[PDB]
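Take a look at the structure below.
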Amino acid sequence: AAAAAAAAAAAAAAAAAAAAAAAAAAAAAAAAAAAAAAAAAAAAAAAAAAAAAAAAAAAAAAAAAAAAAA
Amino acid sequence: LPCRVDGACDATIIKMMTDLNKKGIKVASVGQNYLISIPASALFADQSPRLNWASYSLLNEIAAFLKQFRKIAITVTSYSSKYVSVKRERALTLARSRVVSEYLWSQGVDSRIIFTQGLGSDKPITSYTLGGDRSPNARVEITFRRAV
Amino acid sequence: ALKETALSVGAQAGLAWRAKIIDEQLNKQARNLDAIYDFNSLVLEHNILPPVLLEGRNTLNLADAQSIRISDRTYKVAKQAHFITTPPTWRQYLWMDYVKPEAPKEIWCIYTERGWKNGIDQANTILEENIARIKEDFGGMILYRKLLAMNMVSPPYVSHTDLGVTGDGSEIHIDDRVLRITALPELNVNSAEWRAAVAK
Amino acid sequence: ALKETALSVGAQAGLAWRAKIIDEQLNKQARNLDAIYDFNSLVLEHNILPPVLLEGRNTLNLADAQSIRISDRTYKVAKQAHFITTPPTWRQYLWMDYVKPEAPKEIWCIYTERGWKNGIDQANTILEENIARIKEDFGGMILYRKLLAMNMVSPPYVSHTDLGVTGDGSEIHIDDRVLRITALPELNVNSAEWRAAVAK
Amino acid sequence: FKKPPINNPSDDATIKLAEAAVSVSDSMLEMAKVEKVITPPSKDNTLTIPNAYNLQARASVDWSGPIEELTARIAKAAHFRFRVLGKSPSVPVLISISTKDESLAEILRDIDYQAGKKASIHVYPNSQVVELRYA
Amino acid sequence: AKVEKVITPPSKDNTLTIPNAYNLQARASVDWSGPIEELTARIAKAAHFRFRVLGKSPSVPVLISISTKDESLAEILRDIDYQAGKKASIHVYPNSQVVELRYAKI
Amino acid sequence: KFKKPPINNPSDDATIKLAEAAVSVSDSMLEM
Amino acid sequence: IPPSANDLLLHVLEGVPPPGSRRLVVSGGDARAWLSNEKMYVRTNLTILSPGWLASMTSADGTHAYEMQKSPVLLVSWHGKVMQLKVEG
Amino acid sequence: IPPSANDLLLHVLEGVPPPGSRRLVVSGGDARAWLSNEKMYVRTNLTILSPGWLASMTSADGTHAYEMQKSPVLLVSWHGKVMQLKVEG
Amino acid sequence: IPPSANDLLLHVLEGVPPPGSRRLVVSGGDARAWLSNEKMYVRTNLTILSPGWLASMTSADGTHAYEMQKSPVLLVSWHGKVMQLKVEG
């Protein structure tokens, strides 16, 4: 975690963790600016998986068939 | 899962920060404004816009130190002591800073802008004016603000 | 039969693995693909997404034994121009879907390798159609800007009905501009005002 | 499944513990929050609680493919001005509820820690919406006092029908003043008498 | 010793992808060259900053609405007279100024700009009058 | 691009309206994909130009995406002006020190 | 040894978002 | 005549959720998202780029509020960086 | 009056399949084939010789798109060489 | 025309409960509270601040009597101190 500066003093929300020297590089909350650039989901960047289906194919909520996840 | 560390650790930040201050590249750390100050003896040849080959290792832990922070704009600005004129001097320091920022975005920064410029001893940090690139005035400085 | 379900085990694992490899292979070229598929500076003056025109040169249809129709060029307006808020990226068109499949002798091993390459090249055909769809859509907008220069289509005619302060006393909107598209971009058949692409 | 009910044991205990910690963390800043959310000296002349105005600048609605509406600013009157007896504190808006839950291996321990942080940040989102609601309500009253200066709303028009001694002989009320609100505070659309916030 | 670039095209397909990237990015630029039409600053039609010492007072405005009221108060904040010439239409011409410190003549510059051609602003600084015409 | 630049000739540049300056001849390298005004505010901050805005910025953002390496700040502002075609324009007044972003009338 | 100057007490999330609300209501207040 | 905006964008221009909602957790960026009736609403100060929104407002301090259809990933610009945000629900 | 062409040849003049299709794998040559409704469509730049096609278009770069009935073998010319392509489906 | 007050505030301006009531115990302050019909009535000489009351009277000696809805906590001022009172029922 916040290693060798000191121990982690606070955990500043809308930020990362706050070490007892400076601001750390370890993310405190879920809602910090963590560099997500590769998602992992069925029918991401179209609309989400329309959950009511029970068949072979996986249909998105924008009515595309997720053929990469069927 | 979301990531805890962003490809960096604080122990490695202060490990590079002690090692750069031991090799004489002085890291000032004010707020989130970070300054690394590099003497122009430690990178280039004298009154030249040309790197030495061994000084890219010095640029290696400069760039691997610049891996560690989330940053928006690095500005790199260079200035040396007087050699012929201020016009020749400002051409030298502009070429000087643009060469070291060309290597720094050849290497890894996650900066969105590197601004890069040179000045004609217009901001000198000591009044003692010994010589050329062996002056402690003759330096490049890499300043940025660490974002969040 | 066990050999067949060994192939079916290998197929979806090869598909998801190939999907993974080309997802960060896409993300390695992320700024390059924003340069290629730059829809952002292809939009029109009132942030209107341009329509996708399709060119087909030198066309024959054999209708029956008695008759053919040739035409020299065919331009089709597909998925007509419309008000876009934020322009499309390449990531709606190119990103294949990553799920991590958690569902698991000698004939099993050789057909899970042939299932593995079947999943790999079937993911390759999905990616090939994704590149095909973005090349259709983007080059259709490019084909508009050719024909908008070349006077074979109309530009869209917007109308901004400006309104002043609007509403009752529980709700006001101060500068209330309603923007409509009246005339859609649309190929003219009155063909004497056309242009021709002569350069030097 | 036992792991799932271990998580569900840890959730409500973490919620109630986080509720406790932020309750006396609120009570440590009790006079500071009376300074921040001072509704008491925001009320009007006849102890009328001011209404909550909502500002939304620079608004688009994409209605369909054919039409958008932009407006530059939107002011909404939400939960209109009314006779308050005693002004609201922050404690109706911010105080989360403390009950002490008296309802109780290795997988149990690790998922009661992940249940414990799930209860902690779910109590944090409840507190975040509580702060959000008081910031809406208070800054809406502040946005009134802006627009009451800035002539975009009416002030409320009270009417005091004074009555003298009132009743039969079994019951008298001596100085019997009936106070009504006739005109509610209300955004004017006749917009030429508006103001503009120019300072130095 | 130095290094190649990290996200370098040092691969025989990624080179063709990135030479295509610089070809479409500059072909995007010469597109933006041919349709981006300017007006010269000799013929820009907008206001120029009228360099009077009352107009270089630092001010602070948050508003949207009908132009005459900001220009009336920007005149009496500037200690200037305010004249109007022309007829205000029934739909008023609506501005939006939101700065929390910016100088006063530049507040007249972006009201002249957000007026555009429905109205415009002249300043005569020797007489100390600002003025708003219609069309 | 070939048929467009022949069927209307580009009449003029934008170096008439963004002229270069000593302290605008500092250089930068930039990848960028956000809205225009925060990038331009950073350009003018490191140019030591006061940055100002004419016109209210529209409801959809004016998005530019500049990806480049080592040119001058004047040509960065020029390519920013171009990639915001007919939605904004950069003006620079170099006898003053002001970079301006002008939004459009629509 | 490297240290930034203000090493205060450990705050918590409640006073973090109370302060973040409090500054915007102070700004709204101020401008009114 | 189109509708003006949604007036519930005034509420999600503040931090307060719409009445009768479902919370959506947002990862990898400073945004809050709620789902009222097959539409999510995002309070952010980032700039959403890819999946397209139906309505938008912006407060005094540059906070925006967006009405959009439910997409499980949001793409924003943070400060010129293209960024991803991930929503569950 | 005959029909003009099929307008879906514009789509298979690009690489994109027709909506509601079945993919056909093509061996022994650079072509892609889809089957929409008892008719296959071939994107190629080769020249199909033996089994006869019902409709054809050609793009700017010499890519052709052919509507034809389903035949399990295609005969093309590649560069004067008579060549065979084999389709499954 | 509104009603005047409740005339049963005259009774709870004295110490006497309303006819047909339920007693409410009050902790942490000098007040007495009764619940007549989904409304509580408080005899105090403190000043109730937070939850808001519907009617009030005051006797000769500064004793007040309040009609209000049933809230399980009362916030008063005692002598400038913000104070809490707790009622069961």
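Ligands are numbered from 1 in the order shown, chains are lettered A, B, ... in the order of the structure tokens, and residues start at 1 in each chain.
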- Task: With a distance cut-off of 12 Å and only C-alpha atoms, select the neighbouring residues of residue 171 (chain D), excluding the residue or stretch itself and same-chain residues fewer than 5 positions from it, and output the selection as a ChimeraX atom specification.
- Result: /D:165-166 /J:4-7,10
- Backbone DSSP call of strand (DSSP E or B) for chain A, listed as a list in words: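 Filtering chain A down to strand (DSSP E or B) leaves residues 8, 9, 10, 11, 16, 17, 18, 19, 23, 24, 25, 26, 27, 36, 44, 46, 49, 59, 60 and 65 of chain A.
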Take chain J, superimpose it onto chain I by least squares using every C-alpha atom paired in sequence order, and output the result as a short mmCIF file (atom, residue, chain, number, x, y, z; two decimals) with N, CA and C atoms, in the first residue's frame.
data_model
loop_
_atom_site.label_atom_id
_atom_site.label_comp_id
_atom_site.auth_asym_id
_atom_site.auth_seq_id
_atom_site.Cartn_x
_atom_site.Cartn_y
_atom_site.Cartn_z
N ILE J 1 -40.35 -3.81 -66.72
CA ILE J 1 -39.16 -3.15 -66.21
C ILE J 1 -38.44 -4.02 -65.18
N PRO J 2 -37.16 -4.29 -65.42
CA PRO J 2 -36.39 -5.11 -64.51
C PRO J 2 -36.04 -4.35 -63.25
N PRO J 3 -35.69 -5.06 -62.18
CA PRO J 3 -35.03 -4.40 -61.05
C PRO J 3 -33.62 -3.96 -61.42
N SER J 4 -33.12 -3.00 -60.65
CA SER J 4 -31.91 -2.27 -61.00
C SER J 4 -30.66 -3.11 -60.78
N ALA J 5 -30.43 -3.48 -59.54
CA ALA J 5 -29.50 -4.48 -59.08
C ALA J 5 -30.15 -5.00 -57.82
N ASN J 6 -29.38 -5.60 -56.94
CA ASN J 6 -29.84 -5.61 -55.57
C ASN J 6 -29.02 -4.50 -54.93
N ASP J 7 -29.67 -3.73 -54.07
CA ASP J 7 -29.00 -2.71 -53.29
C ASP J 7 -28.20 -3.26 -52.12
N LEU J 8 -28.30 -4.55 -51.85
CA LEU J 8 -27.52 -5.18 -50.80
C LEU J 8 -26.14 -5.56 -51.32
N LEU J 9 -25.96 -5.48 -52.64
CA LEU J 9 -24.64 -5.54 -53.24
C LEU J 9 -23.76 -4.37 -52.88
N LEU J 10 -24.35 -3.23 -52.53
CA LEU J 10 -23.61 -2.13 -51.94
C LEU J 10 -23.02 -2.50 -50.59
N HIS J 11 -23.74 -3.28 -49.80
CA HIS J 11 -23.21 -3.73 -48.52
C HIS J 11 -22.15 -4.79 -48.72
N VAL J 12 -22.35 -5.72 -49.66
CA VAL J 12 -21.31 -6.74 -49.82
C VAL J 12 -20.25 -6.29 -50.81
N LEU J 13 -20.34 -5.06 -51.30
CA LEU J 13 -19.19 -4.42 -51.91
C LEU J 13 -18.26 -3.86 -50.86
N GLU J 14 -18.80 -3.53 -49.71
CA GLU J 14 -18.00 -3.38 -48.52
C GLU J 14 -17.81 -4.77 -47.93
N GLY J 15 -17.11 -4.88 -46.83
CA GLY J 15 -16.98 -6.22 -46.29
C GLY J 15 -18.14 -6.71 -45.47
N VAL J 16 -19.13 -5.86 -45.22
CA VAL J 16 -20.15 -6.13 -44.21
C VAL J 16 -21.15 -7.14 -44.77
N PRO J 17 -21.55 -8.14 -43.99
CA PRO J 17 -22.54 -9.10 -44.44
C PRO J 17 -23.91 -8.47 -44.56
N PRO J 18 -24.83 -9.10 -45.30
CA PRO J 18 -26.22 -8.65 -45.29
C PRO J 18 -26.87 -8.91 -43.95
N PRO J 19 -27.89 -8.13 -43.58
CA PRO J 19 -28.57 -8.37 -42.30
C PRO J 19 -29.39 -9.65 -42.34
N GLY J 20 -29.19 -10.49 -41.33
CA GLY J 20 -29.82 -11.78 -41.26
C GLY J 20 -29.24 -12.75 -42.27
N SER J 21 -27.98 -13.11 -42.10
CA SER J 21 -27.29 -13.95 -43.07
C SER J 21 -26.78 -15.22 -42.43
N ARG J 22 -26.07 -16.01 -43.24
CA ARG J 22 -25.25 -17.09 -42.73
C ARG J 22 -23.90 -16.97 -43.40
N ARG J 23 -22.84 -17.11 -42.61
CA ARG J 23 -21.50 -16.99 -43.13
C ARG J 23 -21.18 -18.24 -43.93
N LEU J 24 -20.46 -18.09 -45.02
CA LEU J 24 -19.92 -19.24 -45.71
C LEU J 24 -18.41 -19.13 -45.73
N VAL J 25 -17.74 -20.18 -45.30
CA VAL J 25 -16.29 -20.19 -45.34
C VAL J 25 -15.86 -20.47 -46.77
N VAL J 26 -14.81 -19.79 -47.20
CA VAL J 26 -14.31 -19.85 -48.56
C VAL J 26 -12.88 -20.35 -48.47
N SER J 27 -12.56 -21.40 -49.20
CA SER J 27 -11.21 -21.92 -49.19
C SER J 27 -10.56 -21.66 -50.53
N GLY J 28 -9.24 -21.54 -50.53
CA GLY J 28 -8.48 -21.48 -51.75
C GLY J 28 -8.55 -20.19 -52.53
N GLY J 29 -8.89 -19.08 -51.90
CA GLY J 29 -8.87 -17.81 -52.60
C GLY J 29 -9.35 -16.72 -51.69
N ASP J 30 -9.00 -15.49 -52.05
CA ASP J 30 -9.42 -14.32 -51.28
C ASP J 30 -10.83 -13.94 -51.68
N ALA J 31 -11.81 -14.54 -51.02
CA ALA J 31 -13.19 -14.13 -51.18
C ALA J 31 -13.92 -14.36 -49.89
N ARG J 32 -14.99 -13.61 -49.69
CA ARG J 32 -15.88 -13.79 -48.57
C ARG J 32 -17.27 -14.02 -49.12
N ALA J 33 -18.01 -14.94 -48.53
CA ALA J 33 -19.32 -15.29 -49.06
C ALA J 33 -20.33 -15.37 -47.93
N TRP J 34 -21.50 -14.81 -48.17
CA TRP J 34 -22.59 -14.88 -47.22
C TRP J 34 -23.82 -15.40 -47.94
N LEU J 35 -24.73 -15.99 -47.19
CA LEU J 35 -25.95 -16.53 -47.79
C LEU J 35 -27.13 -15.86 -47.10
N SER J 36 -27.88 -15.06 -47.85
CA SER J 36 -28.96 -14.32 -47.23
C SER J 36 -30.25 -15.11 -47.24
N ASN J 37 -30.76 -15.39 -48.44
CA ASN J 37 -31.99 -16.16 -48.60
C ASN J 37 -31.93 -16.93 -49.93
N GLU J 38 -31.38 -18.15 -49.83
CA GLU J 38 -31.08 -19.08 -50.94
C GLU J 38 -30.26 -18.47 -52.08
N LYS J 39 -29.43 -17.47 -51.77
CA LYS J 39 -28.58 -16.77 -52.71
C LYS J 39 -27.33 -16.43 -51.95
N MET J 40 -26.17 -16.67 -52.54
CA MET J 40 -24.97 -16.24 -51.87
C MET J 40 -24.43 -14.99 -52.55
N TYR J 41 -23.67 -14.25 -51.77
CA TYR J 41 -23.08 -12.99 -52.17
C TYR J 41 -21.61 -13.10 -51.87
N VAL J 42 -20.78 -12.76 -52.84
CA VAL J 42 -19.35 -12.95 -52.76
C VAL J 42 -18.68 -11.61 -52.94
N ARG J 43 -17.92 -11.20 -51.94
CA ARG J 43 -16.95 -10.13 -52.04
C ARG J 43 -15.64 -10.74 -52.47
N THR J 44 -15.14 -10.33 -53.62
CA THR J 44 -13.84 -10.79 -54.06
C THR J 44 -13.21 -9.68 -54.87
N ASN J 45 -11.98 -9.91 -55.30
CA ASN J 45 -11.41 -9.15 -56.40
C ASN J 45 -10.94 -10.08 -57.50
N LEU J 46 -11.27 -11.36 -57.40
CA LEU J 46 -11.02 -12.33 -58.44
C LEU J 46 -12.14 -12.26 -59.46
N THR J 47 -12.03 -13.03 -60.53
CA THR J 47 -13.10 -13.00 -61.51
C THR J 47 -13.79 -14.34 -61.60
N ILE J 48 -15.04 -14.42 -61.14
CA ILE J 48 -15.77 -15.68 -61.15
C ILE J 48 -16.22 -15.99 -62.57
N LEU J 49 -15.91 -17.21 -63.02
CA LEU J 49 -16.01 -17.67 -64.39
C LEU J 49 -17.09 -18.71 -64.61
N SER J 50 -17.09 -19.82 -63.87
CA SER J 50 -18.01 -20.88 -64.31
C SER J 50 -19.48 -20.74 -63.89
N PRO J 51 -19.89 -20.64 -62.62
CA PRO J 51 -21.28 -20.97 -62.32
C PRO J 51 -22.28 -19.85 -62.57
N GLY J 52 -21.84 -18.65 -62.92
CA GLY J 52 -22.75 -17.63 -63.38
C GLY J 52 -23.41 -16.87 -62.26
N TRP J 53 -23.44 -15.56 -62.36
CA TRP J 53 -23.98 -14.78 -61.28
C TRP J 53 -25.15 -13.96 -61.77
N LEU J 54 -26.00 -13.57 -60.83
CA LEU J 54 -27.19 -12.83 -61.19
C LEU J 54 -26.97 -11.33 -61.14
N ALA J 55 -26.11 -10.85 -60.26
CA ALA J 55 -25.90 -9.41 -60.19
C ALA J 55 -24.47 -9.14 -59.78
N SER J 56 -23.96 -7.98 -60.18
CA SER J 56 -22.59 -7.62 -59.86
C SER J 56 -22.44 -6.12 -59.70
N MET J 57 -21.60 -5.75 -58.75
CA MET J 57 -21.08 -4.40 -58.62
C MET J 57 -19.58 -4.46 -58.45
N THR J 58 -18.95 -3.29 -58.53
CA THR J 58 -17.51 -3.19 -58.37
C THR J 58 -17.23 -1.85 -57.71
N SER J 59 -16.38 -1.84 -56.69
CA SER J 59 -16.00 -0.62 -56.00
C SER J 59 -14.95 0.16 -56.74
N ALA J 60 -14.35 1.13 -56.05
CA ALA J 60 -13.35 1.99 -56.65
C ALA J 60 -12.04 1.25 -56.88
N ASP J 61 -11.72 0.29 -56.01
CA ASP J 61 -10.45 -0.40 -56.03
C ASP J 61 -10.50 -1.76 -56.70
N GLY J 62 -11.52 -2.01 -57.52
CA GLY J 62 -11.59 -3.27 -58.24
C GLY J 62 -12.12 -4.43 -57.44
N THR J 63 -12.61 -4.19 -56.24
CA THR J 63 -13.33 -5.22 -55.51
C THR J 63 -14.69 -5.39 -56.16
N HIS J 64 -15.08 -6.62 -56.44
CA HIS J 64 -16.40 -6.90 -56.96
C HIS J 64 -17.27 -7.57 -55.91
N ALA J 65 -18.58 -7.43 -56.10
CA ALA J 65 -19.59 -8.05 -55.26
C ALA J 65 -20.62 -8.71 -56.15
N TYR J 66 -20.80 -10.00 -55.97
CA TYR J 66 -21.64 -10.84 -56.81
C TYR J 66 -22.79 -11.48 -56.05
N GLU J 67 -23.98 -11.36 -56.62
CA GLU J 67 -25.16 -12.12 -56.25
C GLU J 67 -25.29 -13.31 -57.18
N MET J 68 -25.40 -14.51 -56.60
CA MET J 68 -25.51 -15.71 -57.40
C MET J 68 -26.24 -16.77 -56.60
N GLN J 69 -26.66 -17.83 -57.27
CA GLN J 69 -27.27 -18.94 -56.56
C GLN J 69 -26.20 -19.75 -55.86
N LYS J 70 -26.62 -20.58 -54.91
CA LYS J 70 -25.66 -21.33 -54.10
C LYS J 70 -25.12 -22.51 -54.90
N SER J 71 -23.85 -22.41 -55.21
CA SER J 71 -23.02 -23.41 -55.84
C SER J 71 -21.83 -23.69 -54.94
N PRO J 72 -21.50 -24.96 -54.69
CA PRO J 72 -20.49 -25.27 -53.67
C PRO J 72 -19.07 -25.03 -54.13
N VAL J 73 -18.86 -24.78 -55.41
CA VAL J 73 -17.55 -24.47 -55.93
C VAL J 73 -17.70 -23.21 -56.77
N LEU J 74 -16.69 -22.37 -56.71
CA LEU J 74 -16.58 -21.18 -57.52
C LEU J 74 -15.34 -21.38 -58.35
N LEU J 75 -15.39 -20.99 -59.61
CA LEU J 75 -14.22 -21.03 -60.45
C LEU J 75 -13.85 -19.59 -60.73
N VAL J 76 -12.61 -19.21 -60.48
CA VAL J 76 -12.24 -17.83 -60.78
C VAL J 76 -11.05 -17.85 -61.70
N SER J 77 -10.77 -16.70 -62.27
CA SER J 77 -9.46 -16.36 -62.75
C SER J 77 -8.79 -15.50 -61.70
N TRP J 78 -7.54 -15.83 -61.40
CA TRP J 78 -6.75 -15.05 -60.45
C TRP J 78 -5.92 -14.02 -61.21
N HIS J 79 -4.96 -14.49 -61.99
CA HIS J 79 -4.18 -13.63 -62.86
C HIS J 79 -3.97 -14.34 -64.18
N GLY J 80 -5.05 -14.81 -64.77
CA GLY J 80 -4.98 -15.67 -65.92
C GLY J 80 -4.98 -17.14 -65.58
N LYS J 81 -4.65 -17.49 -64.34
CA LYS J 81 -4.79 -18.85 -63.87
C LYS J 81 -6.24 -19.15 -63.52
N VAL J 82 -6.75 -20.24 -64.06
CA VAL J 82 -8.03 -20.79 -63.66
C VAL J 82 -7.83 -21.45 -62.31
N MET J 83 -8.69 -21.12 -61.37
CA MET J 83 -8.54 -21.31 -59.95
C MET J 83 -9.86 -21.79 -59.38
N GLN J 84 -9.82 -22.55 -58.31
CA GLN J 84 -11.04 -23.05 -57.70
C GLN J 84 -11.14 -22.59 -56.26
N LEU J 85 -12.36 -22.25 -55.88
CA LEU J 85 -12.70 -21.80 -54.54
C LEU J 85 -13.85 -22.66 -54.08
N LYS J 86 -13.87 -22.97 -52.80
CA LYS J 86 -14.74 -24.01 -52.30
C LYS J 86 -15.51 -23.48 -51.11
N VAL J 87 -16.84 -23.59 -51.14
CA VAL J 87 -17.65 -22.98 -50.10
C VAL J 87 -18.51 -24.04 -49.43
N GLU J 88 -18.62 -23.90 -48.11
CA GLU J 88 -19.35 -24.86 -47.28
C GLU J 88 -20.60 -24.17 -46.74
N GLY J 89 -21.76 -24.71 -47.09
CA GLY J 89 -23.04 -24.11 -46.75
C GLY J 89 -23.97 -23.99 -47.94
#
- Query: Which neighbours of region 84-98 of chain F fall inside 8 Å, counting only C-alpha atoms, when residues of the same chain fewer than 4 positions from it are skipped, and could you give them as a VMD selection string?
  - Reply: (chain C and resid 41 45) or (chain E and resid 32 35 to 37) or (chain F and resid 17 to 21 44 48 to 52 62 to 64 77 to 78 80 102 to 104)
- Output as an NGL selection string all residues of region 82-132 of chain C that backbone DSSP marks as alpha helix (DSSP H). :C and (91-94 or 106-132)
Closest-contact table, chain F side, partner chain E, 6 Å, counting only C-alpha atoms, as a Markdown table:
| residue | atom | partner | partner_atom | distance |
| --- | --- | --- | --- | --- |
| F:1 | CA | E:31 | CA | 5.3 |
| F:5 | CA | E:34 | CA | 5.7 |
| F:10 | CA | E:34 | CA | 5.1 |
| F:54 | CA | E:110 | CA | 5.1 |
| F:55 | CA | E:114 | CA | 5.5 |
| F:82 | CA | E:32 | CA | 5.3 |
| F:85 | CA | E:36 | CA | 5.4 |
May I have the selected residues written with N, CA, C and O atoms, as a PDB file, in the first residue's frame?
ATOM      1  N   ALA F   1     -10.080  14.991 -49.764  1.00  0.00           N
ATOM      2  CA  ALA F   1      -9.326  16.221 -49.550  1.00  0.00           C
ATOM      3  C   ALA F   1      -8.842  16.842 -50.853  1.00  0.00           C
ATOM      4  O   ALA F   1      -8.852  18.074 -50.981  1.00  0.00           O
ATOM      5  N   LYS F   5     -10.250  20.488 -52.039  1.00  0.00           N
ATOM      6  CA  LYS F   5      -9.340  21.601 -52.221  1.00  0.00           C
ATOM      7  C   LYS F   5      -9.189  22.019 -53.673  1.00  0.00           C
ATOM      8  O   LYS F   5      -8.632  23.092 -53.921  1.00  0.00           O
ATOM      9  N   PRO F  10      -8.643  27.079 -51.159  1.00  0.00           N
ATOM     10  CA  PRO F  10      -8.463  27.788 -49.885  1.00  0.00           C
ATOM     11  C   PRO F  10      -7.891  29.174 -50.105  1.00  0.00           C
ATOM     12  O   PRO F  10      -6.778  29.334 -50.616  1.00  0.00           O
ATOM     13  N   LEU F  54     -15.002  34.292 -25.912  1.00  0.00           N
ATOM     14  CA  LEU F  54     -16.136  35.018 -26.460  1.00  0.00           C
ATOM     15  C   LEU F  54     -17.201  33.998 -26.820  1.00  0.00           C
ATOM     16  O   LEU F  54     -16.889  32.943 -27.384  1.00  0.00           O
ATOM     17  N   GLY F  55     -18.440  34.301 -26.496  1.00  0.00           N
ATOM     18  CA  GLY F  55     -19.521  33.416 -26.868  1.00  0.00           C
ATOM     19  C   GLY F  55     -19.712  32.302 -25.864  1.00  0.00           C
ATOM     20  O   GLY F  55     -18.761  31.784 -25.271  1.00  0.00           O
ATOM     21  N   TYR F  82      -8.269  24.672 -36.521  1.00  0.00           N
ATOM     22  CA  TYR F  82      -8.753  23.909 -37.660  1.00  0.00           C
ATOM     23  C   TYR F  82      -9.602  22.731 -37.278  1.00  0.00           C
ATOM     24  O   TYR F  82     -10.637  22.499 -37.910  1.00  0.00           O
ATOM     25  N   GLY F  85     -13.410  23.278 -36.659  1.00  0.00           N
ATOM     26  CA  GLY F  85     -13.907  24.018 -37.806  1.00  0.00           C
ATOM     27  C   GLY F  85     -15.377  24.336 -37.645  1.00  0.00           C
ATOM     28  O   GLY F  85     -16.182  23.448 -37.348  1.00  0.00           O
TER      29      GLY F  85
END
- Excluding region 14-31 of chain A and any residue of its chain fewer than 4 positions from it, enumerate the residues within 8 Å of it, using only C-alpha atoms, and give them as JSON, numbers by chain. {"A": [1, 2, 5, 6, 7, 8, 9, 10], "B": [2, 3, 4, 5, 6, 8, 9, 10, 69, 148], "G": [2, 3, 4, 7], "H": [26, 27, 28, 29, 30, 31]}
- Item | Straight-line distance linking CA of residue 120 (chain C) with CA of residue 26 (chain C), stated in Å to one decimal |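 Taking CA of residue 120 (chain C) and CA of residue 26 (chain C), their separation equals 16.1 Å.
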At most 12 Å is the cut-off: for each residue in chain G with any atom that close to an atom of chain A, write down the nearest atom pair and the distance in Å rounded to one decimal, counting only C-alpha atoms, chain first then increasing number, as JSON lines.
{"residue": "G:1", "atom": "CA", "partner": "A:5", "partner_atom": "CA", "distance": 8.0}
{"residue": "G:2", "atom": "CA", "partner": "A:21", "partner_atom": "CA", "distance": 7.1}
{"residue": "G:3", "atom": "CA", "partner": "A:21", "partner_atom": "CA", "distance": 4.8}
{"residue": "G:4", "atom": "CA", "partner": "A:21", "partner_atom": "CA", "distance": 5.7}
{"residue": "G:5", "atom": "CA", "partner": "A:21", "partner_atom": "CA", "distance": 8.0}
{"residue": "G:6", "atom": "CA", "partner": "A:21", "partner_atom": "CA", "distance": 8.5}
{"residue": "G:7", "atom": "CA", "partner": "A:20", "partner_atom": "CA", "distance": 6.2}
{"residue": "G:8", "atom": "CA", "partner": "A:20", "partner_atom": "CA", "distance": 8.4}
{"residue": "G:9", "atom": "CA", "partner": "A:9", "partner_atom": "CA", "distance": 7.6}
{"residue": "G:10", "atom": "CA", "partner": "A:10", "partner_atom": "CA", "distance": 4.6}
{"residue": "G:11", "atom": "CA", "partner": "A:10", "partner_atom": "CA", "distance": 5.7}
{"residue": "G:12", "atom": "CA", "partner": "A:10", "partner_atom": "CA", "distance": 6.8}
{"residue": "G:13", "atom": "CA", "partner": "A:13", "partner_atom": "CA", "distance": 6.0}
{"residue": "G:14", "atom": "CA", "partner": "A:13", "partner_atom": "CA", "distance": 9.1}
{"residue": "G:15", "atom": "CA", "partner": "A:13", "partner_atom": "CA", "distance": 9.7}
{"residue": "G:16", "atom": "CA", "partner": "A:13", "partner_atom": "CA", "distance": 6.4}
{"residue": "G:17", "atom": "CA", "partner": "A:13", "partner_atom": "CA", "distance": 7.5}
{"residue": "G:18", "atom": "CA", "partner": "A:13", "partner_atom": "CA", "distance": 11.0}
{"residue": "G:19", "atom": "CA", "partner": "A:13", "partner_atom": "CA", "distance": 11.0}
{"residue": "G:20", "atom": "CA", "partner": "A:14", "partner_atom": "CA", "distance": 9.7}
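The smallest atom-to-atom distance between chain D and any of E:104, E:70, E:18, E:13, using only C-alpha atoms, is found for E:70.
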- Message: Taking only C-alpha atoms into account, find every residue of chain D that has an atom no more than 8 Å from chain C, and write it out as a PyMOL selection string.
- Response: chain D and resi 62+65-78+186-189+191
Taking only C-alpha atoms into account, produce a table as a tab-separated table in which each residue of chain D with an atom at most 7 Å from an atom of chain J appears once, together with its shortest atom pair and the distance in Å to one decimal, ordered by chain and rising number.
residue	atom	partner	partner_atom	distance
D:85	CA	J:52	CA	6.1
D:86	CA	J:52	CA	5.4
D:87	CA	J:50	CA	6.9
D:88	CA	J:50	CA	5.9
D:89	CA	J:50	CA	5.8
